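Have a look below at one chain only, the form deposited in one PDB entry, in C-alpha coordinates format.
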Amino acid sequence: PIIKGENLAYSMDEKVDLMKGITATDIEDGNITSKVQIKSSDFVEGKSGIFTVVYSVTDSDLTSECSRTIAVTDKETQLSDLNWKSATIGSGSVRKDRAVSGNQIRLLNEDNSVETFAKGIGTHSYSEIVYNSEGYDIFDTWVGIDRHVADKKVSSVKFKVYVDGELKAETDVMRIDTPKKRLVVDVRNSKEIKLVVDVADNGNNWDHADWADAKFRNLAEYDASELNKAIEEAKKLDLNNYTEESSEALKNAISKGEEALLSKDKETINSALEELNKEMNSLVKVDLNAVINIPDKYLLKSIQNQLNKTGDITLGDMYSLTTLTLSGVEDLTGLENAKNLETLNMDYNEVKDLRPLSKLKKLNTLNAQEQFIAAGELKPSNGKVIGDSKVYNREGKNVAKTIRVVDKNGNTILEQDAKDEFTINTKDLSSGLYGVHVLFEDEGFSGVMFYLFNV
(Lines give C-alpha, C1' and ligand atoms only; values in the text may rest on other atoms or scores of the structure.)
Protein backbone atom coordinates (compact mmCIF):
# COMPACT_ATOMS: atom_id res chain seq x y z
CA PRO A 1 0.00 0.00 0.00
CA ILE A 2 1.42 3.35 -1.16
CA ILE A 3 -0.46 6.18 0.57
CA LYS A 4 0.42 9.62 -0.79
CA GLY A 5 -0.45 13.18 0.18
CA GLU A 6 1.07 16.62 -0.38
CA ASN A 7 0.85 19.87 1.55
CA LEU A 8 -2.21 22.00 0.77
CA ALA A 9 -3.26 25.61 1.30
CA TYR A 10 -6.78 27.07 1.44
CA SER A 11 -8.21 30.56 1.74
CA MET A 12 -10.67 31.77 4.36
CA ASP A 13 -13.81 31.41 2.21
CA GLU A 14 -12.94 28.06 0.60
CA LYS A 15 -14.42 24.74 1.70
CA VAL A 16 -11.65 22.56 3.12
CA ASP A 17 -11.64 19.01 1.72
CA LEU A 18 -9.49 16.97 4.10
CA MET A 19 -9.19 14.20 1.49
CA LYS A 20 -8.11 16.44 -1.40
CA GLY A 21 -4.99 15.01 -3.02
CA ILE A 22 -4.92 11.80 -0.96
CA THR A 23 -4.29 8.62 -2.95
CA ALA A 24 -3.68 5.01 -1.95
CA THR A 25 -2.57 2.26 -4.34
CA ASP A 26 -1.54 -1.34 -3.73
CA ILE A 27 -0.31 -4.11 -6.02
CA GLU A 28 -2.53 -6.68 -4.30
CA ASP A 29 -5.71 -4.56 -4.13
CA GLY A 30 -5.42 -1.78 -6.70
CA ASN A 31 -6.96 1.64 -6.04
CA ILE A 32 -7.94 1.56 -2.36
CA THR A 33 -8.42 5.33 -2.11
CA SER A 34 -12.04 4.88 -1.00
CA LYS A 35 -10.86 3.03 2.14
CA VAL A 36 -8.56 5.82 3.38
CA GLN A 37 -9.28 6.87 6.96
CA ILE A 38 -7.95 9.70 9.13
CA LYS A 39 -5.73 8.56 11.99
CA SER A 40 -4.84 11.94 13.54
CA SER A 41 -5.76 15.58 12.97
CA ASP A 42 -5.80 18.90 14.84
CA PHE A 43 -7.97 20.61 12.23
CA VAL A 44 -10.70 23.08 13.24
CA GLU A 45 -13.22 24.45 10.76
CA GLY A 46 -13.62 28.21 10.45
CA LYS A 47 -10.14 28.78 11.88
CA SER A 48 -7.00 30.14 10.24
CA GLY A 49 -3.89 28.07 10.83
CA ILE A 50 -1.63 25.26 9.67
CA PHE A 51 -3.10 21.89 10.66
CA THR A 52 -1.57 18.41 10.51
CA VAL A 53 -3.57 15.40 9.27
CA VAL A 54 -2.41 11.77 9.26
CA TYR A 55 -3.94 9.24 6.86
CA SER A 56 -4.02 5.44 7.14
CA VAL A 57 -5.50 2.69 4.98
CA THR A 58 -5.88 -1.09 5.26
CA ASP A 59 -5.86 -3.47 2.29
CA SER A 60 -7.44 -6.89 1.71
CA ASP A 61 -4.56 -9.10 2.88
CA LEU A 62 -1.35 -4.48 5.83
CA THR A 63 -1.55 -0.77 6.66
CA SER A 64 0.40 2.27 5.49
CA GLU A 65 0.51 5.82 6.85
CA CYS A 66 1.30 9.28 5.53
CA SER A 67 1.08 12.83 6.85
CA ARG A 68 0.51 16.26 5.31
CA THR A 69 -0.30 19.78 6.47
CA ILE A 70 -3.29 21.91 5.46
CA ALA A 71 -2.99 25.69 5.83
CA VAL A 72 -5.96 28.08 5.96
CA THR A 73 -4.70 31.55 5.04
CA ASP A 74 -6.07 35.00 4.25
CA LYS A 75 -3.91 37.80 2.84
CA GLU A 76 -1.66 36.90 -0.09
CA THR A 77 1.33 38.67 -1.63
CA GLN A 78 2.62 37.79 -5.08
CA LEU A 79 6.38 37.35 -5.25
CA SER A 80 6.38 39.21 -8.57
CA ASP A 81 4.84 42.14 -6.67
CA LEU A 82 7.97 42.19 -4.46
CA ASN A 83 11.68 42.69 -5.08
CA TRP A 84 14.06 39.75 -4.78
CA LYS A 85 17.26 40.09 -2.78
CA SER A 86 19.22 38.32 -5.53
CA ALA A 87 18.56 36.39 -8.72
CA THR A 88 20.73 34.12 -10.87
CA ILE A 89 19.69 32.56 -14.17
CA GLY A 90 21.44 30.19 -16.56
CA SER A 91 20.21 31.89 -19.74
CA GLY A 92 18.35 35.11 -20.42
CA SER A 93 17.04 37.25 -17.57
CA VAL A 94 14.46 36.66 -14.85
CA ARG A 95 11.10 38.20 -15.76
CA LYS A 96 8.23 39.26 -13.50
CA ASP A 97 4.75 38.07 -14.55
CA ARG A 98 6.19 36.80 -17.86
CA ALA A 99 8.09 33.74 -19.00
CA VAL A 100 11.81 33.99 -19.70
CA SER A 101 11.02 34.19 -23.42
CA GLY A 102 8.81 37.24 -22.84
CA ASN A 103 5.59 35.34 -23.54
CA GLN A 104 2.89 34.74 -20.95
CA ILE A 105 3.56 32.25 -18.16
CA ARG A 106 2.08 28.99 -19.45
CA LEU A 107 2.15 25.52 -17.88
CA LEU A 108 0.54 22.16 -18.62
CA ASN A 109 -2.53 20.90 -16.77
CA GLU A 110 -3.41 17.33 -15.83
CA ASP A 111 -5.92 17.11 -18.71
CA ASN A 112 -3.19 18.25 -21.18
CA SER A 113 -4.73 21.72 -21.48
CA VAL A 114 -2.52 24.79 -21.05
CA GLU A 115 -2.87 27.00 -17.97
CA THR A 116 -2.03 30.66 -18.58
CA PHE A 117 -0.97 32.71 -15.54
CA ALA A 118 -0.93 36.48 -15.19
CA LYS A 119 1.39 36.37 -12.17
CA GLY A 120 4.58 34.48 -11.44
CA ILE A 121 8.32 34.36 -12.06
CA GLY A 122 9.80 33.18 -15.34
CA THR A 123 13.37 31.95 -15.02
CA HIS A 124 15.83 29.47 -16.54
CA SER A 125 18.04 26.78 -15.03
CA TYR A 126 20.34 27.02 -13.38
CA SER A 127 18.57 29.63 -11.25
CA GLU A 128 18.68 30.80 -7.63
CA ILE A 129 16.22 33.53 -6.59
CA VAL A 130 16.17 34.73 -2.97
CA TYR A 131 13.33 36.69 -1.37
CA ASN A 132 12.84 38.31 2.02
CA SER A 133 10.40 36.00 3.82
CA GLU A 134 10.18 37.82 7.17
CA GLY A 135 6.65 37.97 8.56
CA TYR A 136 5.20 35.44 6.09
CA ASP A 137 3.66 32.07 6.97
CA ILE A 138 3.12 30.00 3.80
CA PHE A 139 4.76 29.93 0.37
CA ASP A 140 2.52 28.62 -2.43
CA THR A 141 3.39 28.19 -6.10
CA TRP A 142 2.84 26.21 -9.28
CA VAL A 143 5.94 24.93 -11.08
CA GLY A 144 6.62 23.39 -14.46
CA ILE A 145 8.27 23.73 -17.84
CA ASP A 146 7.12 26.81 -19.74
CA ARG A 147 5.04 25.98 -22.80
CA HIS A 148 7.23 28.08 -25.12
CA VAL A 149 9.68 25.15 -25.39
CA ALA A 150 6.99 22.54 -26.05
CA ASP A 151 8.85 21.53 -29.24
CA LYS A 152 12.37 21.34 -27.75
CA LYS A 153 12.17 17.68 -26.60
CA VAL A 154 15.02 17.87 -24.07
CA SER A 155 13.57 20.35 -21.55
CA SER A 156 13.96 19.08 -17.98
CA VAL A 157 14.33 20.79 -14.58
CA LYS A 158 13.84 20.18 -10.87
CA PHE A 159 12.32 22.77 -8.54
CA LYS A 160 13.65 23.15 -5.00
CA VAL A 161 12.64 25.50 -2.18
CA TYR A 162 15.11 26.42 0.57
CA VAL A 163 14.04 28.14 3.79
CA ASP A 164 16.94 29.86 5.56
CA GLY A 165 19.31 27.63 3.61
CA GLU A 166 17.45 24.42 4.49
CA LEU A 167 15.81 22.36 1.75
CA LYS A 168 12.11 22.04 2.59
CA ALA A 169 10.42 20.86 -0.62
CA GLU A 170 11.28 19.68 -4.12
CA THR A 171 9.72 18.07 -7.17
CA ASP A 172 10.85 15.19 -9.34
CA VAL A 173 12.51 15.81 -12.69
CA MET A 174 9.87 17.72 -14.65
CA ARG A 175 9.76 17.40 -18.44
CA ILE A 176 7.75 19.05 -21.22
CA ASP A 177 4.73 16.75 -20.82
CA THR A 178 4.84 16.75 -17.00
CA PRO A 179 1.68 18.46 -15.66
CA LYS A 180 2.25 21.40 -13.34
CA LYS A 181 3.05 20.61 -9.71
CA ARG A 182 2.10 22.55 -6.58
CA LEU A 183 4.49 23.41 -3.75
CA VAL A 184 3.16 24.64 -0.39
CA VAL A 185 5.99 25.39 2.04
CA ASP A 186 5.90 26.48 5.68
CA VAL A 187 8.06 29.61 5.95
CA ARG A 188 7.01 30.64 9.46
CA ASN A 189 9.57 32.69 11.42
CA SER A 190 12.04 32.67 8.52
CA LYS A 191 14.16 35.41 6.97
CA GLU A 192 14.97 34.10 3.48
CA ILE A 193 13.42 31.75 0.93
CA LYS A 194 15.51 30.51 -2.00
CA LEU A 195 13.80 29.28 -5.18
CA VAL A 196 16.09 26.88 -7.06
CA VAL A 197 15.64 25.47 -10.57
CA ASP A 198 18.20 22.72 -11.17
CA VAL A 199 19.22 21.43 -14.58
CA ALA A 200 18.26 17.70 -14.27
CA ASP A 201 19.58 15.99 -17.44
CA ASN A 202 20.80 17.42 -20.76
CA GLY A 203 22.27 20.41 -18.96
CA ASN A 204 20.21 23.60 -19.01
CA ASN A 205 19.21 23.26 -22.67
CA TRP A 206 15.77 24.83 -23.23
CA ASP A 207 15.12 24.78 -19.47
CA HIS A 208 12.41 27.44 -19.39
CA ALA A 209 10.89 27.19 -15.91
CA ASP A 210 8.07 29.12 -14.24
CA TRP A 211 7.22 29.81 -10.61
CA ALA A 212 3.58 30.28 -11.57
CA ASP A 213 1.32 32.18 -9.15
CA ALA A 214 4.18 32.13 -6.62
CA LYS A 215 2.91 34.00 -3.57
CA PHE A 216 3.17 34.29 0.18
CA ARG A 217 0.12 33.44 2.28
CA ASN A 218 -0.47 34.67 5.82
CA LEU A 219 -2.77 33.44 8.56
CA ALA A 220 -5.82 35.61 9.13
CA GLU A 221 -5.49 38.59 11.46
CA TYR A 222 -9.04 37.92 12.71
CA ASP A 223 -11.04 35.04 14.18
CA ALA A 224 -14.78 34.65 13.62
CA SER A 225 -15.23 31.46 15.67
CA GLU A 226 -16.44 33.22 18.82
CA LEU A 227 -18.82 35.50 16.93
CA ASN A 228 -20.11 32.54 14.91
CA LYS A 229 -20.71 30.67 18.17
CA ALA A 230 -22.70 33.53 19.72
CA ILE A 231 -24.79 34.06 16.57
CA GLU A 232 -25.77 30.40 16.23
CA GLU A 233 -26.83 30.25 19.88
CA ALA A 234 -28.72 33.53 19.49
CA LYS A 235 -30.55 32.31 16.37
CA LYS A 236 -31.78 29.32 18.42
CA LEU A 237 -33.96 31.57 20.61
CA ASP A 238 -37.66 32.20 20.01
CA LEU A 239 -38.15 35.95 19.60
CA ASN A 240 -41.87 35.60 20.37
CA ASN A 241 -41.05 34.76 24.02
CA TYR A 242 -39.48 38.20 24.60
CA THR A 243 -40.79 41.75 24.50
CA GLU A 244 -40.88 43.50 21.14
CA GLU A 245 -38.34 46.06 22.39
CA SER A 246 -35.80 43.51 23.62
CA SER A 247 -36.34 41.08 20.73
CA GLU A 248 -35.79 43.96 18.29
CA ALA A 249 -32.44 44.79 19.90
CA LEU A 250 -31.27 41.17 19.80
CA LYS A 251 -32.46 40.86 16.20
CA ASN A 252 -30.47 43.98 15.30
CA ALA A 253 -27.39 42.59 17.07
CA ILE A 254 -27.67 39.30 15.17
CA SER A 255 -27.80 41.28 11.92
CA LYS A 256 -24.79 43.39 12.93
CA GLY A 257 -22.95 40.18 13.77
CA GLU A 258 -23.74 38.68 10.37
CA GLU A 259 -22.40 41.84 8.72
CA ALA A 260 -19.24 41.61 10.83
CA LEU A 261 -18.60 38.06 9.60
CA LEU A 262 -18.55 39.28 5.99
CA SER A 263 -16.26 42.20 6.84
CA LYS A 264 -13.43 39.82 7.86
CA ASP A 265 -12.26 42.68 10.10
CA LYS A 266 -10.98 41.89 13.59
CA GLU A 267 -12.36 44.92 15.43
CA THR A 268 -15.68 44.86 13.57
CA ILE A 269 -16.15 41.24 14.64
CA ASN A 270 -15.09 41.89 18.25
CA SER A 271 -17.39 44.91 18.54
CA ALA A 272 -20.35 42.98 17.13
CA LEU A 273 -19.63 40.11 19.54
CA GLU A 274 -19.61 42.42 22.57
CA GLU A 275 -22.88 44.03 21.47
CA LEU A 276 -24.50 40.66 20.75
CA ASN A 277 -23.48 39.40 24.19
CA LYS A 278 -24.94 42.56 25.75
CA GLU A 279 -28.33 42.14 24.07
CA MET A 280 -28.23 38.41 24.88
CA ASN A 281 -28.13 39.18 28.62
CA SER A 282 -30.57 42.10 28.22
CA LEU A 283 -33.44 39.90 27.02
CA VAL A 284 -36.63 40.17 29.08
CA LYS A 285 -39.29 37.47 28.80
CA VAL A 286 -42.96 38.32 28.27
CA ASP A 287 -45.65 37.46 30.84
CA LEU A 288 -48.66 35.97 29.04
CA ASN A 289 -50.54 36.06 32.37
CA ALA A 290 -50.16 39.77 33.17
CA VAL A 291 -53.42 41.72 33.12
CA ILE A 292 -53.83 44.40 30.44
CA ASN A 293 -55.33 47.73 31.53
CA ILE A 294 -58.43 48.31 29.38
CA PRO A 295 -60.18 51.49 30.61
CA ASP A 296 -63.00 51.28 28.04
CA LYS A 297 -65.48 48.76 29.43
CA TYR A 298 -66.98 48.28 25.96
CA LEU A 299 -63.59 47.30 24.53
CA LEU A 300 -63.19 44.85 27.42
CA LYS A 301 -66.62 43.39 26.64
CA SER A 302 -65.79 43.29 22.92
CA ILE A 303 -62.60 41.31 23.55
CA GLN A 304 -64.41 39.00 25.99
CA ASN A 305 -67.05 38.27 23.35
CA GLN A 306 -64.40 37.40 20.76
CA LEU A 307 -62.36 35.17 23.10
CA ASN A 308 -65.21 33.65 25.15
CA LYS A 309 -64.07 34.38 28.71
CA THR A 310 -64.82 36.57 31.72
CA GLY A 311 -62.64 38.65 34.00
CA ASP A 312 -59.24 40.08 33.15
CA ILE A 313 -57.79 40.02 29.64
CA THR A 314 -54.16 38.90 29.61
CA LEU A 315 -51.29 39.61 27.24
CA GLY A 316 -51.55 35.98 26.16
CA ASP A 317 -55.19 36.73 25.41
CA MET A 318 -54.12 39.84 23.47
CA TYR A 319 -51.49 37.90 21.50
CA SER A 320 -54.23 35.50 20.35
CA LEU A 321 -56.37 38.09 18.53
CA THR A 322 -56.16 37.71 14.77
CA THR A 323 -59.59 39.27 14.18
CA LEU A 324 -61.68 41.50 16.43
CA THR A 325 -65.12 43.11 16.20
CA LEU A 326 -65.89 46.18 18.32
CA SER A 327 -69.17 47.74 19.42
CA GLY A 328 -69.71 50.93 21.40
CA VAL A 329 -65.99 51.50 21.97
CA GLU A 330 -64.67 55.00 22.69
CA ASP A 331 -61.06 54.30 23.73
CA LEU A 332 -58.78 51.81 21.97
CA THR A 333 -56.29 51.82 24.87
CA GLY A 334 -54.97 48.29 25.41
CA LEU A 335 -55.22 47.15 21.79
CA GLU A 336 -51.54 48.03 21.33
CA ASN A 337 -50.78 44.63 22.90
CA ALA A 338 -52.50 42.56 20.16
CA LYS A 339 -49.43 42.37 17.95
CA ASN A 340 -50.99 39.60 15.82
CA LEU A 341 -54.19 41.53 15.03
CA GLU A 342 -54.96 41.32 11.31
CA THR A 343 -58.56 42.57 11.04
CA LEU A 344 -60.41 45.15 13.15
CA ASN A 345 -64.14 45.59 12.46
CA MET A 346 -65.13 48.75 14.36
CA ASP A 347 -67.66 50.38 12.06
CA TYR A 348 -70.36 52.51 13.71
CA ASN A 349 -68.29 52.88 16.89
CA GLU A 350 -67.31 56.00 18.88
CA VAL A 351 -63.54 56.19 18.33
CA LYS A 352 -61.69 59.41 17.46
CA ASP A 353 -58.09 58.21 17.91
CA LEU A 354 -56.50 55.30 16.02
CA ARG A 355 -53.02 55.89 17.49
CA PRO A 356 -53.13 52.80 19.80
CA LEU A 357 -53.11 50.74 16.57
CA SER A 358 -50.09 52.57 15.12
CA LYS A 359 -47.53 49.83 15.85
CA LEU A 360 -49.74 46.90 14.77
CA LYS A 361 -47.69 45.49 11.89
CA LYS A 362 -50.32 43.00 10.65
CA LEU A 363 -53.46 45.20 10.73
CA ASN A 364 -54.24 45.15 7.00
CA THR A 365 -58.06 45.24 7.30
CA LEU A 366 -59.35 48.24 9.27
CA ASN A 367 -63.10 48.90 9.09
CA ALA A 368 -63.62 52.10 11.11
CA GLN A 369 -66.20 53.93 9.01
CA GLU A 370 -69.08 56.14 10.19
CA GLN A 371 -68.03 56.78 13.77
CA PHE A 372 -69.94 59.07 16.13
CA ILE A 373 -68.09 60.66 19.06
CA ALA A 374 -70.39 62.62 21.38
CA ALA A 375 -67.76 65.06 22.66
CA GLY A 376 -70.05 66.72 25.20
CA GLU A 377 -70.94 70.34 25.85
CA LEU A 378 -68.85 73.45 25.18
CA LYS A 379 -69.40 76.43 27.48
CA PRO A 380 -69.41 79.85 25.76
CA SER A 381 -66.94 82.30 27.29
CA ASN A 382 -65.81 85.79 26.24
CA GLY A 383 -68.49 85.89 23.56
CA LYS A 384 -67.13 82.80 21.80
CA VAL A 385 -67.09 79.02 22.08
CA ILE A 386 -63.90 77.01 21.52
CA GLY A 387 -63.65 73.29 20.86
CA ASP A 388 -61.11 70.66 19.91
CA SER A 389 -61.39 69.16 16.42
CA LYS A 390 -58.39 66.85 16.01
CA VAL A 391 -59.22 63.29 14.94
CA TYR A 392 -56.12 61.09 14.79
CA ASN A 393 -55.54 58.27 12.33
CA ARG A 394 -52.99 55.49 12.85
CA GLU A 395 -50.16 57.77 11.70
CA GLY A 396 -51.12 60.40 14.28
CA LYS A 397 -52.38 62.82 11.62
CA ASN A 398 -55.46 64.99 12.07
CA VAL A 399 -57.99 63.87 9.44
CA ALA A 400 -60.76 66.34 10.33
CA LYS A 401 -62.43 67.77 7.22
CA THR A 402 -65.55 69.94 7.68
CA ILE A 403 -66.57 72.06 10.67
CA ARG A 404 -70.25 72.99 10.41
CA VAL A 405 -72.55 74.47 13.06
CA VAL A 406 -76.25 73.60 13.11
CA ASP A 407 -79.15 75.29 14.88
CA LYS A 408 -82.27 73.71 16.39
CA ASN A 409 -84.01 73.72 12.98
CA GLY A 410 -81.26 71.89 11.08
CA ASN A 411 -80.05 74.91 9.10
CA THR A 412 -76.28 75.23 8.68
CA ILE A 413 -75.38 78.59 10.22
CA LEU A 414 -71.70 78.40 9.18
CA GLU A 415 -69.15 76.02 7.67
CA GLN A 416 -65.37 76.20 7.32
CA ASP A 417 -62.21 74.12 6.98
CA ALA A 418 -61.18 71.93 9.90
CA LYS A 419 -58.00 72.67 11.83
CA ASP A 420 -56.78 71.43 15.21
CA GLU A 421 -59.25 73.72 17.03
CA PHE A 422 -62.25 75.85 16.10
CA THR A 423 -63.58 79.13 17.49
CA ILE A 424 -67.23 80.09 16.97
CA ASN A 425 -68.59 83.59 17.51
CA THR A 426 -71.70 83.45 19.70
CA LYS A 427 -72.46 87.14 20.32
CA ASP A 428 -74.69 87.37 17.22
CA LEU A 429 -76.44 84.03 17.80
CA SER A 430 -80.07 83.73 18.82
CA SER A 431 -80.83 82.03 22.13
CA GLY A 432 -81.15 78.27 21.84
CA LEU A 433 -79.32 74.98 21.45
CA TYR A 434 -76.67 74.52 18.77
CA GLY A 435 -74.70 71.53 17.53
CA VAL A 436 -71.17 71.36 16.14
CA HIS A 437 -70.38 68.62 13.62
CA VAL A 438 -66.71 67.77 13.06
CA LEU A 439 -66.69 65.82 9.80
CA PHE A 440 -63.64 63.65 9.14
CA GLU A 441 -62.66 61.01 6.61
CA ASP A 442 -59.60 58.90 5.81
CA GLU A 443 -58.63 55.50 4.41
CA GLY A 444 -61.24 53.34 6.13
CA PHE A 445 -61.68 55.87 8.97
CA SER A 446 -64.63 58.26 8.88
CA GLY A 447 -67.36 59.60 11.13
CA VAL A 448 -68.69 62.61 13.02
CA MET A 449 -67.43 64.27 16.21
CA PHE A 450 -70.36 66.14 17.75
CA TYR A 451 -70.35 69.07 20.18
CA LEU A 452 -73.13 71.23 21.57
CA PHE A 453 -73.32 74.67 23.17
CA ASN A 454 -76.30 76.53 24.62
CA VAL A 455 -76.94 80.23 24.08
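Don't overthink the numbering: it's just position in the shown sequence, from 1. Superpose the two forms; the largest set of C-alphas matching within 1.5 Å is the rigid core.
Omitted here: the form deposited in another entry. The next part is about that form.
> With the core superposed, find the residue in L261, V94, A249, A375 that moves its CA 2 Å or more between this form and the one not shown.
None of the others reach 2 Å, which leaves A375.
> Checking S34 here: with the core superposed, does its CA move 2 Å or more between this form and the one not shown?
No; that C-alpha moves by less than 2 Å between this form and the one not shown.
> Superposing on the rigid core, is the CA of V44 displaced by 2 Å or more between this form and the one not shown?
No, shifts by less than 2 Å.
> With both forms fitted on the core, check whether the Cα of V405 differs by 2 Å or more between this form and the one not shown.
Superposed on the core, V405 moves its C-alpha 2 Å or more between this form and the one not shown.
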